[PDB]
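Reading through the structure tokens given below for one structure.
Hydrogens, waters and symmetry mates play no part in the numbers below; they use all other heavy atoms, side chains included. Residue numbering restarts at 1 for every chain, and letters A, B, ... go by the order of the sequence lines.
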Amino acid sequence: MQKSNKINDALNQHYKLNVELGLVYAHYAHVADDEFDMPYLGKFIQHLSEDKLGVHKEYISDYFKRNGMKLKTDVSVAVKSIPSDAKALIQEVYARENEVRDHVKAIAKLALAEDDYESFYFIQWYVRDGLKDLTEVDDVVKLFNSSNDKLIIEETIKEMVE
Amino acid sequence: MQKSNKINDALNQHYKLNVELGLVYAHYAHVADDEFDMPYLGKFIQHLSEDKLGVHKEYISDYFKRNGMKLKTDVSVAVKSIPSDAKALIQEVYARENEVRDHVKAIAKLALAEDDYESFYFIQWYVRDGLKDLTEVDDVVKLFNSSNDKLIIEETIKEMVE
Amino acid sequence: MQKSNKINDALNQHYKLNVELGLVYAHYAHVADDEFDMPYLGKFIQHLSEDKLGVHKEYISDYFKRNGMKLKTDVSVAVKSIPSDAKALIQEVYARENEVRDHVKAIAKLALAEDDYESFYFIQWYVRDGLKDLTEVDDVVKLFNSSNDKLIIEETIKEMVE
Amino acid sequence: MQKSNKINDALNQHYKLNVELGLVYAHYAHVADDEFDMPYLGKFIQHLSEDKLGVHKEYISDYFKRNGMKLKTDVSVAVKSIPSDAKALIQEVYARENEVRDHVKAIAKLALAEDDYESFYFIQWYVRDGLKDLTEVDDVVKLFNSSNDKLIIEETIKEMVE
Amino acid sequence: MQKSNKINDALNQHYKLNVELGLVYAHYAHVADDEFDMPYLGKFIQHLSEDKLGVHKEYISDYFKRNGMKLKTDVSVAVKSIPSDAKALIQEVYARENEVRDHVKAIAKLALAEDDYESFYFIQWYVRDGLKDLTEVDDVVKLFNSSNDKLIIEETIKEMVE
Amino acid sequence: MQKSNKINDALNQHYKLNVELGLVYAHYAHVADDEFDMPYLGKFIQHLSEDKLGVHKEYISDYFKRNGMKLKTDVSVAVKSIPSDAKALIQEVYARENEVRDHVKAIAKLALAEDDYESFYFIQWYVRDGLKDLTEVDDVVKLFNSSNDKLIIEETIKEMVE
Amino acid sequence: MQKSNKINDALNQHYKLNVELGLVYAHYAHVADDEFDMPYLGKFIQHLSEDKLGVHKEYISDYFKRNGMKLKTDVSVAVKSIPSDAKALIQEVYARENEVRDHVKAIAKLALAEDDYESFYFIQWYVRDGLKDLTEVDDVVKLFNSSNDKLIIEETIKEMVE
Ligand SMILES: [Fe+3]
Ligand SMILES: [Fe+3]
Ligand SMILES: [Fe+3]
Ligand SMILES: [Fe+3]
Ligand SMILES: [Fe+3]
Ligand SMILES: [Fe+3]
Ligand SMILES: [Fe+3]
Ligand SMILES: [Fe+3]
Ligand SMILES: [Fe+3]
Ligand SMILES: [Fe+3]
Ligand SMILES: [Fe+3]
Ligand SMILES: [Fe+3]
Ligand SMILES: [Fe+3]
Ligand SMILES: [Fe+3]
Ligand SMILES: [Fe+3]
Ligand SMILES: [Fe+3]
Ligand SMILES: [Fe+3]
Ligand SMILES: [Fe+3]
Ligand SMILES: [Fe+3]
Ligand SMILES: [Fe+3]
Ligand SMILES: [Fe+3]
Ligand SMILES: [Fe+3]
Ligand SMILES: [Fe+3]
Ligand SMILES: [Fe+3]
Ligand SMILES: [Fe+3]
Ligand SMILES: [Fe+3]
Ligand SMILES: [Fe+3]
Ligand SMILES: [Fe+3]
Ligand SMILES: [Fe+3]
Ligand SMILES: [Fe+3]
Ligand SMILES: [Fe+3]
Ligand SMILES: [Fe+3]
Ligand SMILES: [Fe+3]
Ligand SMILES: [Fe+3]
Ligand SMILES: [Fe+3]
Ligand SMILES: [Fe+3]
Ligand SMILES: [Fe+3]
Ligand SMILES: [Fe+3]
Ligand SMILES: [Fe+3]
Ligand SMILES: [Fe+3]
Ligand SMILES: [Fe+3]
Ligand SMILES: [Fe+3]
Ligand SMILES: [Fe+3]
Ligand SMILES: [Fe+3]
Ligand SMILES: [Fe+3]
Ligand SMILES: [Fe+3]
Ligand SMILES: [Fe+3]
Ligand SMILES: [Fe+3]
């Protein structure tokens, strides 16, 4: 029956987070290619950008249509400083994906507290994807600690963003 | 040789405009489906959203990589009121696409003033797409003035967003 | 280990509800076609009837075989008045599907209370299908509020029950 | 021309009989598998259940649409005791199918008495299927009198419900 | 964020249980074939052995890599007495699979207590497989109570471990 | 004719050695991936684990069925310290495979001493595989002495564990 | 109508520039392979040589045939010193491609000044190719600043001049 307002707000914020994250990553992808001369790192980060700005926000929008929750569009993001090198750039992406896992955990917890079993279900996809996206990112961070050669690292990323 | 700062700013603003427009349309697509019961109108507007948030912003980002212009990410958009009915919604989309045509005209004009023939070229795509997107939108507005039946109109949009 | 009697009763009632619902819809499908001259509405409602009388009851019966819960067959249903028009008919179907969502929510809640994680799992399918069936039904109700032409509406349903 | 009320009532009862029979068999199929460890016997009886709850009731509903007879849905069935073993279970199914043959004979006889040659025709399908379903059932009963080995019997049923 | 130590220990024990179970079943498969002259029973039990020693332990190992839980390898198992006949052998396997269902239930319960929604998800696979493996095993136990002929039973198992 | 007890014991120990080795390697594969960031090294070592826990133990179990030797399952293995780096890890694996070659040599020697020409034959497979597995391992050890770049080494292992 | 002499001279010089550039690059390709042991760098530079000596000069020659401009062949080029290493070699190629962009910009500017809209069109291809060729070259220069290993760099160029 009736929609939970708490869940509605929590999913609107997550909508907001995926929009703004995806806009940050689109900038980070540009810089990976341009300043840092790592176009495959940039193609890995652009695919993560399109992920956040696509299905991560689409599923919420579609879910709201089915249960009567209200969509809210309030976006504010400015990319004001860039990490100093490619390593720090991908470590930054990592840190935001770890925060994704913490936010979706709060939403699952709330859904059980509300007895919103439809929302707990809806969020199970995000529960899993939080770890998948974090793992894929972690697989790139590891590269910068396994070789000091930008072109070696780039050649390895190629086989990941194929 | 040297990048024109005026063109750099003008293309950063157009980047900003396409991001924010595409975020507005993604909301407008939701409402077309949800409140107004017109899922094909919503699929037409979601495709326009993905257009603005995809190649419209990607081409600028890629162009900047080739000539040395600096990418700027500063986004601010809140969807605070929605048009009252489907007709007004698509008329609103129309009005923004007409403003797109005026903004790209300013950029072409500036590129000639700067003797930036690479930028005049780059913008020729946007020159044409301004009219194409406006025409496609206009083809939907016309529908609301040609029949008073939501389901008739919807069935016609289907053959456009195929 | 040991089967929860509470869950056994709750799933027997849901078995009962799907049988009786599916028998009501089979009658409602007939009337949609016969009295109301809407054979596609009738084919939409007959497919929902076969859904409830098929996998909705089969999954419970099969689940009981695996865990030792006892099947109970006690059916009582009489279709004693019919809604006055096609709109009211599909609105009636809607109202019962909304009650399905409330009943499956009670079963998920109980399964957690009982620490019956096998039953919480089994019910996740019903958790999702409650919203899917309700959405599909809602997509038909919307039609009667979007056009006053029976044949227009019928032509739209055709593309849903394909 | 005008519909015979006697035939209308006789076909409504047969509708009722097929619904309730099919609900009994769905329970009997469960028990064949669960208690009696004979899943192929259970698959034979589930197919007979779906037969009664499908085309046996659908043909009447569809026939009524063509001639103006009124559909009646009044169902009452409770499965309150189960036969003691698989043999007795299939003998029970047999006895109900023999009663099907007697009921359809009454309807053919009445249709001639009423000079309802459309209804005599419609019922010819049921005239034949009464003997076919009874024969298929009889082919399973014979198995329990031809071998004392549950797994031998099961392996034979497999080639019937293929 | 931070890994739950309780969950880490509970999943290490389950790792241990699947290793040792799979080593017991590999022995039980040998005996089913050798002493008891039932090679298909032995092929059913060898497939269950490879299941426990494969994906049942691999998924935990892979999950630990993604979240930072520590893998522990401490194995101790000796097969010191064998059941007296094939029936008792498969009943023994049954009893261990029923204990699997109880252990995974404890892990799901703990994951909710810890608000480890990633671990509750990870375990949902084990929640379902506990019942699937138990059912498949139960389907073999039933055979020894449905016929007194070893070769009849063997021929039936063949169609299960195909 | 009669089974040699000495050979029976020697093959039971080799059974034990392959089980426990394969359990150690499954842990070593995890660590290669997790701690050392070398997933292809980990995939090489996991394939060696599955080799030891599969056909290396299966062939003995199957051989015992044919000649009447008794299978013994007594397993004890705990992984209590891990080598400090990837190089030392693969050197450790090497050292155990060299001990495999010494153990199978003892079994061939004993089989001739016993005039067990069936067992000498059975062991010829292990005679050859001792050198093959050792060579494949040696091909990985050589990598750590041929380049100081983890990602270079990883890319080479990829073409071996294809 | 009448051909612009200014445009005729400007396009004859560009003809001259592409001939002489392409002859320089053919020498630079030889040296990349021979002295510097980088055959893929040499294959990248030979393809750029054939580009300048092919379509870059052919399009002008063909354009002159259509509008009545006079072809002039006056070539003077001697390769008298070579850059000291592969890096400096590709940086040299870069610097000449940047001068190409400046020369074609002068021709576009002149064509507008002359109201030679056919020549402005003809040159739009060169406007774009100036940036494309420069970008491809820049993608090779970046390699020498991303790794100190000639064979690593060579392996990367391979995937560009495929
Ligand atoms: Fe609120
Ligand atoms: Fe992806
Ligand atoms: Fe909405
Ligand atoms: Fe960098
Ligand atoms: Fe609660
Ligand atoms: Fe994702
Ligand atoms: Fe390489
Ligand atoms: Fe400026
Ligand atoms: Fe388009
Ligand atoms: Fe840039
Ligand atoms: Fe509207
Ligand atoms: Fe000018
Ligand atoms: Fe567009
Ligand atoms: Fe139409
Ligand atoms: Fe009770
Ligand atoms: Fe369906
Ligand atoms: Fe049962
Ligand atoms: Fe009506
Ligand atoms: Fe609890
Ligand atoms: Fe359903
Ligand atoms: Fe139409
Ligand atoms: Fe009457
Ligand atoms: Fe049939
Ligand atoms: Fe009727
Ligand atoms: Fe029985
Ligand atoms: Fe008569
Ligand atoms: Fe039948
Ligand atoms: Fe047979
Ligand atoms: Fe601890
Ligand atoms: Fe399996
Ligand atoms: Fe680990
Ligand atoms: Fe036995
Ligand atoms: Fe809690
Ligand atoms: Fe399993
Ligand atoms: Fe047989
Ligand atoms: Fe001995
Ligand atoms: Fe191998
Ligand atoms: Fe044996
Ligand atoms: Fe290491
Ligand atoms: Fe001898
Ligand atoms: Fe081997
Ligand atoms: Fe390579
Ligand atoms: Fe002149
Ligand atoms: Fe080219
Ligand atoms: Fe000429
Ligand atoms: Fe060099
Ligand atoms: Fe002019
Ligand atoms: Fe070119």
Report every donor-acceptor pair between chain B and chain A with a separation under 3.5 Å, backbone and side chains included.
residue: B:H27; atom: ND1; partner: A:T73; partner atom: OG1; Å: 2.6
residue: B:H30; atom: ND1; partner: A:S61; partner atom: O; Å: 3.2
residue: B:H30; atom: ND1; partner: A:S61; partner atom: OG; Å: 3.1
residue: B:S61; atom: O; partner: A:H30; partner atom: ND1; Å: 3.2
residue: B:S61; atom: OG; partner: A:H30; partner atom: ND1; Å: 3.1
residue: B:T73; atom: O; partner: A:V79; partner atom: N; Å: 2.9
residue: B:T73; atom: OG1; partner: A:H27; partner atom: ND1; Å: 2.6
residue: B:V75; atom: N; partner: A:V77; partner atom: O; Å: 2.8
residue: B:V75; atom: O; partner: A:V77; partner atom: N; Å: 3.1
residue: B:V77; atom: N; partner: A:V75; partner atom: O; Å: 3.1
residue: B:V77; atom: O; partner: A:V75; partner atom: N; Å: 2.8
residue: B:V79; atom: N; partner: A:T73; partner atom: O; Å: 2.9

Inset, instruction - Could you tell me which of B:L71, B:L53, B:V31 has the largest number of non-hydrogen atom pairs under 4.5 Å with chain A? - result: B:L71
Legend entry - Partners passing side chain to side chain contact (heavy atoms under 4.5 Å, CB included) against B:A86 (at least two apart in sequence or in another chain): B:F36, B:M38, B:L41, B:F144
Legend entry - side chain to side chain contact (heavy atoms under 4.5 Å, CB included) partner of A:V75, the single match among B:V79, B:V24, B:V19, B:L23: B:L23
